[PDB]
């Protein structure tokens, strides 16, 4: 077919413990949240193992495509840059361990682990600011109305989440009833967006935000192979899809909303595009990539993937993976060249482990049990053929149009 020339993987970190267990998260259920074997927000050992399995699949796939030779690549061939978080650094390392076992590759990352990496969090870092009014306006435009619409749009998932929590028996519900309120989970509080004064943080609070977090946690519990997921009250693929639709909706609103996405994702989009075509001195190419670079692995977060998706108009649904930005899942950019006419193409795929592949820690390979690999259509691109190929020149213009120039690094 075509020749796979270069790949950039924007990977979410692997399975992690919840980053935060708020009073609200405790109060919305009478049940006890299962504890995790690692500190909050850290990649679990099982998370690492799953990422390594995924790295083995990547290795299998890229070698089958001739992009990697057999044997050990070097940093010249494969570069893994991770965010400063432990979860992303170890995800990058687990990726290298799986794609190149015994090859001594080491994940790279900003040396100062104490500060945000502006590649992964430019807004947090202060590279550019979100305007509160534009942010509220952009999110509502994205939603098609004010956040109060969410309780109607997601009434069934919200009710489902309330049932899974046994919200009606929760301390939060008794507090609501104390105040003469009903225990309508969808409306236990207002959905509020808060941009802090400096414009470096945007927060969603309220039922959607909480439900996004809780749904993700259930999925992480499930992905961790925990024995009790959601107190055994969450089973069935559609129920998983439905419940996680709250999470995906939250990520759509708070990370895919182009205004937000372009401010938070511009350095990553520029890093992805410049690494993909290997324009090593281009703006936004921040890494010491070798001219021989075949794979750039970016160890980031679900928000990063969603920001990129928002910037490029990417929308997907993953068979057997209700989280659109699943643990260890990678937004994979592939540079293809048609040997017959030398036309070059960009393909975007979401590589991911299904729920079962995660939960059962299944060995991934090409013939028996591949990772999921969902082609993703790009706004403004040719989206040609079943794999939604974009002509390279078209992809580069789309990237140039999607970036917020004030947000580059």
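Numbering follows the first chain given and starts at 1.
Student: Tell me which of 32-40 and 55-63 has the higher mean C-alpha B-factor in the deposited entry.
Tutor: That would be 32-40.
Student: Mean CA B-factor: is it higher for 249-257 or for 121-129?
Tutor: Looking at the recorded C-alpha B-factors, 121-129 comes out higher on average.
Student: Kindly indicate the residue among 98, 339, 92, 313 with the greatest C-alpha B-factor in the PDB record.
Tutor: Across 98, 339, 92, 313, the entry lists the biggest C-alpha B-factor for 339.
Student: Could you say which of 116, 309, 105, 208 has its CA atom at the highest B factor, as listed in the PDB entry?
Tutor: Among 116, 309, 105, 208, the PDB entry lists the largest C-alpha B-factor for 116.
Student: Where does the C-alpha B-factor of residue 70 rank in its chain, lowest, middle or highest third?
Tutor: For residue 70, whose C-alpha B-factor we compare with every modelled residue in the chain, the answer is the highest third.
Student: Compare the C-alpha B factor of residue 396 with those of the other modelled residues in its chain, then answer lowest, middle or highest third.
Tutor: Middle third.
Student: According to the PDB entry, is the CA B factor of residue 323 in the bottom, middle or top third of its chain, that is, lowest, middle or highest?
Tutor: Ranked within chain, residue 323 CA B lands in the lowest tercile.
Student: By the recorded C-alpha temperature factor, relative to the other modelled residues in its chain, which third is residue 235 in?
Tutor: Ranked within chain, residue 235 CA B lands in the highest tercile.
Student: Could you say whether, by C-alpha temperature factor, residue 27 belongs to the lowest, middle or highest third of its chain?
Tutor: CA B-factor rank for residue 27: highest third.
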